[PDB]
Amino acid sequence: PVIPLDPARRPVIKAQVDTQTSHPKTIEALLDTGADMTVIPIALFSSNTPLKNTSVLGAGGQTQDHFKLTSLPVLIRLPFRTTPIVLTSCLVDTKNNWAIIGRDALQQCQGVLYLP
């Protein structure tokens, strides 16, 4: 669909995320064209699964141990599309449990920005 943009309403969407370590869960993610890579909360994972250290830039700088990478791909189903998005890897937020859909996922839906 078409999602209007409003400073006062964040463009969010309900997504089913399968990390391949639990059963798939539904979360509400921000649609973010300024994010290179998708971010999902660690609350989706079982406490045993391994992750990798990583780096990423942010508004107050870049962090060291805040965000981790998944070892296995992550599958994402959106309400409209029937087939899942498959990300080779994406970021895991261990602190704030942010959920953000980035340009890696938006390219696989062939998403676009449109400015009239």
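Start at 1 and count along the sequence shown; that's the residue number.
- Just going by the entry, 54 to 62 versus 67 to 75 on mean CA temperature factor gives the higher value to 54 to 62.
- Taking only CA atoms, the mean B-factor in the PDB entry is higher for 45 to 53 than for the other of 45 to 53 and 28 to 36.
- Note on the listed residues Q16, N96, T19, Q107: the highest Cα temperature factor in the record is that of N96.
- Among the modelled residues of its chain, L5 has a C-alpha B-factor that falls in the lowest third according to the deposited record.
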